[PDB]
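As a convention, Cβ positions derive from the backbone with ideal geometry for all residues, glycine included, and neighbour counts pool all protein chains shown. Coordinate-derived values only; no laboratory data.
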Ligand SMILES: [K+]
Ligand SMILES: [K+]
Ligand SMILES: [K+]
């Protein structure tokens, strides 16, 4: 269908991939750093979801450079993807409002 | 090209500058305040990225007036810049949807 | 590093009694503790993961409890086959660490 | 202020042995501890930064470990050139602070 | 079936350097980490380090002198640990375990007994042990076998290729002039012997020797 709905879909699939890759890379970057908690996959995945949604619980976060880099990619992909949906919903509303104006 | 893509680009470059200036000023504002943790540049930069993305890990935050002021500027620049991208993506979608309507 | 203290080091129980092994972490670690059993000259065997989750193939009389810094591995009605060394292990913070272990004695 | 306790104040080791200096912080400070060496009448020299990162130009026999509140500076096979005072320093919270120091004695 | 396989023993001269192996089998995920744990006689478990095969990245227990180096052959699903410049302090049983990236070691290898010594590998001498003609017999009979003069540890003593498990005691070896000696005992109903043959199998890894010795009345 329309570009905005495809982009939304694409963004979602992409986000889910970043989430998974992010979980795997966080563990890899963090293991080896004393005091690190982002070291098992199940919670790292919870961490990536937390991060991508910016929910801010603060129960887990990276302590290494590479882990922080992985964090930036994840949050940014999350902010962007959700902003994309917002933009897609606006395109939907703007298009329907034009119709409701018989023009 | 179009205004919205230039603005997005500009916003990004600007955000990166605020991030750096913010890291430097946070250290300057915080050193001298007992209990302060925002006192070395590498982590202050992590803090500014955290702040600008509102990721909410809570591992670092300013404790002084000036540090808090620096925090406001940073988060606001971050919220604004990401909102700008969202708006730019909406302009893109709205423009393409008009084309898809052969008008 | 996270310190895992197992005290007392040796437990003397009578056949059929209920025994309780203790594991105290130096800091809070949720329920990220795991229990292993090692018989004389055998290798470690996972008995309980994440503080209280039973592993398949382990006698129902084995269980664990606790969270934070105090953990317990319990055995309802001990028996000769249970005679061994019992270690706790944590996966909350890097690196993983093991308690010093407690020998069960009937 | 963050208190950095270095105990024992003096370490007696035999040539070739493995020695371990201890540094305990009054609160959790990640791995934000740094180790300095000061020989008789010389000025301090950075040996280990951020708890375990080797500095260029320092004998490979020097290393550090720990995180949170317990830190260790280790020397594999000590030797006359190592005789001195060893201080820890923290950069986690303002102001930076130094431990009271430990003298190595062969 | 055995998911982790390690050679029973390795003898190393001071200053020398051995490479232990760990062949894995069963489900293999990219998220799997292989750990190595050290257990000195009497003492407890000590984490050495870890490695993730699907990347070759390894981490070490930095609280202890670093004597190890980990690598992994993705092709043959084998983990390797390079120990170098060993001393008496490095003699112990080294286990390897598999962790599914979720914090606990679901399965461990049988462990490799590494002995750092200048001595020479010496296979054991298995001598039967049957009662004397003067000793009476109860409802049960006690037989045994003397595994003597071997080096280095360990030795795995079985009875009837594992068939006999109930009534068996194998004592801890003892060192007397760079050579170990131990004895294993077995007890069966007095009636069942010697009609039902009784044999002691003795495998000694350091010399790749496994020998039998049937126990017949004197
Ligand atoms: K937020
Ligand atoms: K938070
Ligand atoms: K938002």
Check: What pairs come up if the first residue lies in segment A:51-62 and is facing chain B (nearest Cβ under 7 Å), the second is assigned to a helix (DSSP H, G or I) and within 11 Å of ligand 1 (Cβ to nearest atom), and their beta carbons are under 6 Å apart, counting only those six or more places apart or on different chains?
Finding: A:51/A:75
Item checked: Members of segment D:69-81 found to be outside any strand (DSSP E or B) and surrounded by fewer than 20 Cβ atoms within 10 Å (Cβ to Cβ), listed by number -> D:69, D:76, D:77, D:79, D:80, D:81
Checklist line | Meets criteria (more than 19 Å from residue A:68 (Cβ to Cβ) and either within 16 Å of ligand 3 (Cβ to nearest atom) or surrounded by fewer than 18 Cβ atoms within 10 Å (Cβ to Cβ) (or both)) for residue B:91 | finding: no
Notebook entry, point to check: Taking residue A:16, is it within 11 Å of chain B (Cβ to nearest Cβ) and surrounded by fewer than 21 Cβ atoms within 10 Å (Cβ to Cβ)?
Noted result: no
Check: In segment C:46-62, which residues are surrounded by fewer than 19 Cβ atoms within 10 Å (Cβ to Cβ) and either touching a strand residue (DSSP E or B) at 6+ places or on another chain (Cβ under 6 Å) or within 14 Å of residue C:32 (Cβ to Cβ) (or both)?
Finding: C:50, C:52, C:53, C:55, C:58, C:61, C:62
Note to self: What's the number of the only condition in (1) exposed (fewer than 15 other Cβ atoms within 10 Å of the Cβ); (2) within 16 Å of ligand 3 (Cβ to nearest atom) that residue A:96 fails to meet?
What the structure shows: (2)
Margin query: Please determine whether any residue of segment A:52-68 is away from ligand 3 (no atom under 16 Å from the Cβ), surrounded by 18 or more Cβ atoms within 10 Å (Cβ to Cβ) and under 10 Å from the mean Cα position of the chain (by Cα).
Written below: no
Note to self: Is it the case, given these coordinates, that residue A:74 is more than 11 Å from chain B (Cβ to nearest Cβ) and within 16 Å of ligand 1 (Cβ to nearest atom)?
What the structure shows: no
Check: Do you know which of the residues in segment A:54-74 that are in a helix (DSSP H, G or I) and over 18 Å from residue A:41 (Cα atoms) is farthest from ligand 2 (Cβ to nearest atom)?
Finding: A:65
Checklist line | Which numbered condition residue B:9 misses (of (1) away from chain A (no Cβ under 14 Å); (2) touching a helix residue (DSSP H, G or I) at 6+ places or on another chain (Cβ under 7 Å)) | finding: (2)
Item checked: Complete set of residues in segment E:33-70 that are touching a helix residue (DSSP H, G or I) at 6+ places or on another chain (Cβ under 8 Å) and within 11 Å of chain A (Cβ to nearest Cβ) -> E:52, E:55, E:57
